[PDB]
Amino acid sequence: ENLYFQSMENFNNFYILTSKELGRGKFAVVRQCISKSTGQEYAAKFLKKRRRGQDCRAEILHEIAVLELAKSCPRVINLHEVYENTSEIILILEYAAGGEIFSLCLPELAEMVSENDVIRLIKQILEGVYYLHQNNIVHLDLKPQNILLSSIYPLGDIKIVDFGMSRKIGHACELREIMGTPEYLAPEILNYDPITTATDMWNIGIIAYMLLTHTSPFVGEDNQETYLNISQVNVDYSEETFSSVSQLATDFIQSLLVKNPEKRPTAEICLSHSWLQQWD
């Protein structure tokens, strides 16, 4: 096996790893690193090439292409450099200092984020998704863990990451998709319909629901009820939960959390919803 990307000797020459670990998955690890040349902070994603006994260099090359494709989009994280060693491919990504928006969806930080902030963040998530769909790219993994912030004091801008699930419209529903956290799967993924751009619009409704109410819209007593809630679209719009959420926001969420993907609006339409037309 031969190496394609820059040598690991170069990575150790130009960068220094730190003790800060940003994320650890099963086959990927994200460590913070500093450039020796300039001192700038970056995020290094280490991706194991062998997974479950299969060569996955091709999968990683796909993720790089997509990252490369949306380099002009500020709503998508920027790929700076790529290195490779024996077992890993290393992605030098732009550093998101604010962390995951999942932080804001918890009640601990509920009182520091207002509806005027959610409107802006959701308007930025749509701009990013609009770009991906303009290029026949579905993210298929827009859970709050994969949407980051450039800053949190004060609130910054969003940065979409994690393109290991990226496909192109019309692709089949392979096993990889139907394995993510059950509470974020769309209904069309559960009965094996071909994925579409509307699959992302579902997860955008969940993110907006989770930011305004600080609650998971579908999670249940066990994974089994979670599936029933999803396939029956059993969301809670009760007065006790939405007494402090505007009506325009409820209309926005209810237009996206529809069972029939054909009825969900496109990103282009969502960017025109009355709820997003505040004059900041």
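Between two forms, the rigid core is the largest collection of C-alphas that superpose within 1.5 Å. Numbers for residues come from their place in the sequence shown, where the first is 1.
- Farther on average from this form in 8 other deposited structures of this protein lies stretch 112-120, the comparison being between 92-100 and 112-120 by RMS Cα distance after core superposition.
- In the record comparison, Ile207 is modelled in each of the other entries of this protein that model the residues flanking it, with no third of them omitting it.
- When the other compared entries with both flanking residues are checked, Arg176 is unmodelled in at least a third.
- When 60-68 is weighed against 30-38, 30-38 comes out higher, by mean CA B-factor as recorded in the entry.
- Note on 97-105 vs 165-173: mean CA B-factor is higher in 165-173.
- Per the deposited record, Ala110 carries the highest C-alpha B-factor of all listed residues (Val118, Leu140, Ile160, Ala110).
- The PDB entry gives the largest Cα B-factor of the residues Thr226, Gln254, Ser246, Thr213 to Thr226.
- Among all modelled residues in this chain, the alpha-carbon of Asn2 has a temperature factor (C-alpha) in the highest third.
- Among all modelled residues in its chain, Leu47 ranks in the lowest third by Cα B-factor.
- In this PDB entry, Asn78 carries a Cα temperature factor that places it within the lowest third of its chain's modelled residues.
- When the modelled residues of the chain are ordered by their C-alpha B factor, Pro144 lands in the middle third.
- The PDB entry assigns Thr199 a C-alpha temperature factor belonging to the middle third of its chain's modelled residues.
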